[PDB]
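A note on names: the letters A, B, ... follow the listed sequences, proteins ahead of strands, and every chain is numbered from 1. Quick note: numbers below take in every heavy atom, side chains included, and nothing from hydrogens, waters or symmetry partners.
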Amino acid sequence: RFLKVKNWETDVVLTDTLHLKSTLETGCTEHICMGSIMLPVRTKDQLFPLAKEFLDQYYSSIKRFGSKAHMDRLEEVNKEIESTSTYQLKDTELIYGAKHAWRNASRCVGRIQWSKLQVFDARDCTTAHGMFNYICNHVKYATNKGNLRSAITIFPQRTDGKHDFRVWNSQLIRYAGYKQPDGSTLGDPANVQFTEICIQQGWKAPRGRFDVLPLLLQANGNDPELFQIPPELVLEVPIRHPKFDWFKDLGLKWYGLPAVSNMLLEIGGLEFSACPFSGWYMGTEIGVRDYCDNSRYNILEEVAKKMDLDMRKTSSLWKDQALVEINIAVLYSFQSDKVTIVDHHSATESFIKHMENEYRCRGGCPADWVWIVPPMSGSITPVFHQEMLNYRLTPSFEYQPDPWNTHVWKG
Amino acid sequence: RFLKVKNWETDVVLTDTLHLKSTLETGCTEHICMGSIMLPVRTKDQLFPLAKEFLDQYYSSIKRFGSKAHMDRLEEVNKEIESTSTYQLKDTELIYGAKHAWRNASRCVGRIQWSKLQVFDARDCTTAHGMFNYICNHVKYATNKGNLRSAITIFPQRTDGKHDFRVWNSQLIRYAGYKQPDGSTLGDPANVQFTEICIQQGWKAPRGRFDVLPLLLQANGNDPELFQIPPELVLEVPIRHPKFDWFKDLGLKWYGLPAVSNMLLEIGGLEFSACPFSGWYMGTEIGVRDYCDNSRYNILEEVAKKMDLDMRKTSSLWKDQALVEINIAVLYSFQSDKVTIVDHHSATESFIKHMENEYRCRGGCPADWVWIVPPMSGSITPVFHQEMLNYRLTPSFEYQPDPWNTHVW
Ligand code: HEM
Ligand code: HEM
Ligand SMILES: Cc1cc(N)nc(C[C@@H]2CNC[C@@H]2OCCNC[C@H](F)c2cccc(F)c2)c1
Ligand SMILES: Cc1cc(N)nc(C[C@@H]2CNC[C@@H]2OCCNC[C@H](F)c2cccc(F)c2)c1
Ligand SMILES: C[C@H](O)[C@H](O)[C@H]1CNc2nc(N)[nH]c(=O)c2N1
Ligand SMILES: C[C@H](O)[C@H](O)[C@H]1CNc2nc(N)[nH]c(=O)c2N1
Ligand SMILES: [Zn+2]
């Protein structure tokens, strides 16, 4: 079965055969589409098929499919599963798996970079202190003094689901948020609940607008532990504007390293519940979402006041004017400090080229249009005009619920 | 089977039950989502269930479900289908049907308006000249000297499908497009093909940049014929900027009346293949899409240059800057000439209100996020943060392929 996608700007038509390798469900049925819904313990029985499917993919990719090395590895895994109920990935397999999970991540606009990913194998980690050290090294390697390098650090897999490794932080680097008694928030309203957990865990909060949060790390199903990332490891960029000199006096800054730490990595049926990963920012992430979302730093009004825009009617497009200036500022600031960043025009153009390459060499590229299209200037980016098929390949990254809702506190 | 939608900005969660009445298929499966794909006669016994499903929802709406008068109409329609192979809607049923097709239109951000729709019943029409008359009357009514009113004009229903009424134009009012010896395109590059079909049929093109196209109208499955809309019925707006004096020098204008004319209206299993409808513009349609799309008028480069912005690197956001100014100019010009227009902020805020009314009054509101989120400044509009469920309810508007592909002459 063949599915076609058209680009409405170019009239380029692509053929997808890769969707035929899709296993998991989308959330959609032929009666309902859930494309804009954000969120639409395994047996040996379910595990060997999954291991086999993975090892089969790995071995075809190295062109060893059917080899003796191939057949011996199947049998080896087969026997490990029957005897220990699970199995361990070889290093080569883990690397290929982590890369492919990124490749398969349909909400990620940055995937042209997928084959360049530094994998750190932290499967020998046993404690939170060990996790802390591993994550420091990741941040230092990835930051590279502003010349950012993609990386992922992989902690031990789920066993009985009672001994999970987890990073409680949703990103390794983020700013505290403090709900004030007057109902206003200080710092990042997205992080209020987590900040409150940190405090109750004994964090001494500075109570400023940009306090870097402490890591909260769970090893082996244990209660999580607080660690402060060394400040000298946390690269930050004060935000200023090339034309407007009052921009700097808004007091804004952001961290250079976007590092997702709450996702679950699945390779060959195995589940890595702690697999923090990082690349670099696309500017709209900070300038549109982090700064201008109403429920985030929400700076639109203050920027527009300073700009003396006509604010009495939405139809002056004052919000849109201030939005563009803030985004110019973010890109200018990162560039001036030599911290890696990509603008949304460049990133989407690169994604379209990646997407076409993948169709030619792989028979497809699952993509989620809802997330790929930047949150400003959508239709002046080529991804707006590009039809996409969204489906699920493994290896994969999955959202998992925040651990404070699930953790069995040991005390 | 009962589904929740969350707004991530506000935390308001709504429960959808309306989807369990959905009938048509989406294109999505459990394995593949086609949410971003633009494009994902009836026999006697196909038509009766369709009529019944409609008449049931109609009688329920006027709170006479299961009433003597309900059962009597179901009977009358049954008799009429068995004997005539189709049936005729009562005026009341047609009006309700059309308002509901709009209400069910999951791609449409302006549905807060769905109940205020003037329906022109053109089912007595029989020639193309008649179609032209009807359409000028629609154009003049809806335009209302710039105080726009929503309207639809419904021509006769499909029969054996060898006698369709069709408006060949995709919209009642649009601009011609011609390829040049130089190789670029003059006017709207999206209408090049249609403009060639008009000249083929005898239109003498002014051969300018903003030439209102003629109507090509098809009555009763006949070869289509050409008519010019009276120039004085086409309200156009010169585009200027409130601060950039040079903007007017681009020589840009756009028409005030957006009027879609290639859709198929399906009510109670009957198919109205010529049903032009019109409301009023959200500014982004013109300013973002019509003017800035690369394969449309594609004017970004020229505006950016007149603004003296840094066009050397994508990261200066020159495109983004120019885009906003173009959209300020559309909105300002329409407002100055007192022609109804809505900005994307106000439109999307009204739609959130509409969603909330529909969830509580009707149990849901089908909505296609990919179309509903404006093509600029997406996440500063409230619809970006609103989860939506997309499903197909009937009565409905459905896209039709361009008829020059169908028709034989
Ligand atoms: C190297 C530069 C990269 C860029 C510019 C980039 C860009 C992005 C952006 C803009 C998003 C949407 C983010 C959001 O809106 O919250 C995203 C999502 C995502 N990316 Fe990337 N990405 C990069 C690297 C990576 C890496 C290194 C990985 C994994 C190894 C990754 C995996 C993911 C996943 C799993 C998502 C979905 C996240 C979620 O569901 O919350 N990306 N990417
Ligand atoms: C009253 C002012 C109205 C506003 C502001 C409005 C707004 C819009 C917008 C922005 C779109 C997306 C159009 C595009 O991107 O091409 C749209 C689509 C649509 N609307 Fe409306 N609308 C209005 C009136 C109407 C009326 C009166 C009807 C039917 C009687 C209607 C039915 C539809 C349908 C069927 C679509 C999808 C069309 C397609 O598939 O091309 N709308 N609406
Ligand atoms: C509910 C829910 C589900 C889901 N899958 N995900 C979320 C995180 C949201 C997505 N939108 C904001 C926030 O996630 C913010 C973090 N995203 C950073 C991005 F993925 C990125 C960029 C560059 C490099 C890199 F490694 C990573 C929430
Ligand atoms: C391939 C295809 C499928 C489909 N359903 N539709 C199309 C028309 C495209 C969609 N997007 C731009 C263009 O259609 C432009 C016409 N849109 C006008 C809009 F619906 C509107 C606004 C305000 C009032 C009103 F009555 C109508 C093409
Ligand atoms: C409801 C909707 O799915 C939600 O707001 C999505 C829309 N698109 C997005 N796109 C990206 N990249 N990141 C997001 O958080 C979201 N949020
Ligand atoms: C491929 C994608 O579906 C296509 O470009 C859509 C995206 N969203 C849209 N949204 C609206 N309102 N109108 C459109 O024409 C489109 N085009
Ligand atoms: Zn879908």
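- A distance-only check finds a donor-acceptor pair linking the side chain of B:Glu387 to the backbone of A:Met38 [under 3.5 Å].
- Residue A:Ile341 does not touch chain B at all, counting heavy-atom pairs closer than 4.5 Å.
- Both the backbone and the side chain of A:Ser22 have a heavy atom closer than 4.5 Å to some heavy atom of chain B.
- The main-chain N or O of B:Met376 is never found under 3.5 Å from a side-chain atom of A:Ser377 such that the two would form a donor-acceptor pair.
- No donor-acceptor contact under 3.5 angstrom links the side chains of B:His385 and A:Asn294, judged on distance only.
- Taken from NZ in B:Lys313 to CD in A:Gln335, the straight-line distance is 5.5 Å, to the nearest 0.5 Å.
- Between chain A and the options B:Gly35, B:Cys292, B:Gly27, B:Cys28, heavy-atom pairs under 4.5 Å are most frequent for B:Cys28.
- In B:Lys306, the NZ atom is crowded: over 12 heavy atoms of neighbouring residues, nucleotides or ligands sit closer than 6.0 Å.
- Both the backbone and the side chain of B:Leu39 have a heavy atom closer than 4.5 Å to some heavy atom of chain A.
- Using a 4.5 Å cut-off between heavy atoms, A:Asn390 contacts chain B through both its backbone and its side chain.
- Chosen from B:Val373, B:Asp368, B:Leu323, the residue pairing most often with chain A at heavy-atom distances under 4.5 Å is B:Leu323.
- Proximity to chain A (any heavy atom under 4.5 Å) is shown, for B:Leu20, by neither the backbone nor the side chain.
- Side chain of A:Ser36 to main chain of B:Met388: a donor-acceptor pair is present (N/O by atom type, distance under 3.5 Å, no hydrogens or angles).
- Interface residue B:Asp293: only side-chain heavy atoms are found under 4.5 Å from chain A.
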List the steps and the verdict of side chain to side chain contact (heavy atoms under 4.5 Å, CB included) for B:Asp320 and A:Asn327. CA-CA 10 Å; B:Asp320 307 72; A:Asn327 282 276; over 6 Å; no

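- In this structure, chain B has heavy atoms under 4.5 Å from both the backbone and the side chain of A:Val370.
- Of the atoms belonging to A:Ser106, not a single heavy atom falls under 4.5 Å from chain B.
- Side-chain N or O atoms of A:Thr29 include none that pairs as donor or acceptor with a backbone N or O of B:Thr29 at under 3.5 Å.
- Contact between A:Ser379 and B:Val288 at its shortest, heavy atoms only, is OG-CG1, 3.0 Å.
- Note that CD of B:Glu30 and CG of A:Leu24 are 12.5 Å apart. Values are rounded to the nearest 0.5 Å.
- When the candidates B:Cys33, B:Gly378, B:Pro374 are compared by the number of heavy-atom contacts under 4.5 Å with chain A, B:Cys33 comes out ahead.
- Residue contact with chain A, scored on non-hydrogen atoms closer than 4.5 Å, is absent for B:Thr284.
- For A:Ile37, the parts sitting under 4.5 Å from any heavy atom of chain B are the backbone and the side chain alike.
- Counting non-hydrogen atoms of other residues, nucleotides and ligands closer than 6.0 Å to CZ of A:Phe2 gives a total of 12 or fewer.
- Taking the side chain as every heavy atom from C-beta outward, A:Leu331 and B:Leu317 approach each other to under 4.5 Å.
- Your options are B:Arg289, B:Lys319, B:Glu325, and the one with the most heavy-atom pairs under 4.5 Å with chain A is B:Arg289.
- Among A:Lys4, A:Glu349, A:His344, A:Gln386, the residue making the largest number of heavy-atom pairs under 4.5 Å with chain B is A:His344.
- When each of A:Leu389, A:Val5, A:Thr26 is checked for heavy-atom pairs under 4.5 Å with chain B, A:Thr26 comes out on top.
- Note that CD1 of A:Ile32 and CG of B:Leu3 are 5.0 Å apart. Values are rounded to the nearest 0.5 Å.
- To the nearest 0.5 Å, atoms CE (B:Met34) and NE2 (A:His19) are separated by 7.0 Å.
- The 12-atom threshold is not exceeded at CG of A:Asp308, counting heavy atoms of other residues, nucleotides or ligands nearer than 6.0 Å.
- Other residues, nucleotides and ligands contribute more than 12 heavy atoms inside 6.0 Å of the NZ atom of A:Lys6.
- Both the backbone and the side chain of A:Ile328 come within less than 4.5 Å of a heavy atom in chain B.
- For chain B, the option among A:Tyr391, A:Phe384, A:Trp369 with the highest count of heavy-atom pairs below 4.5 Å is A:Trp369.
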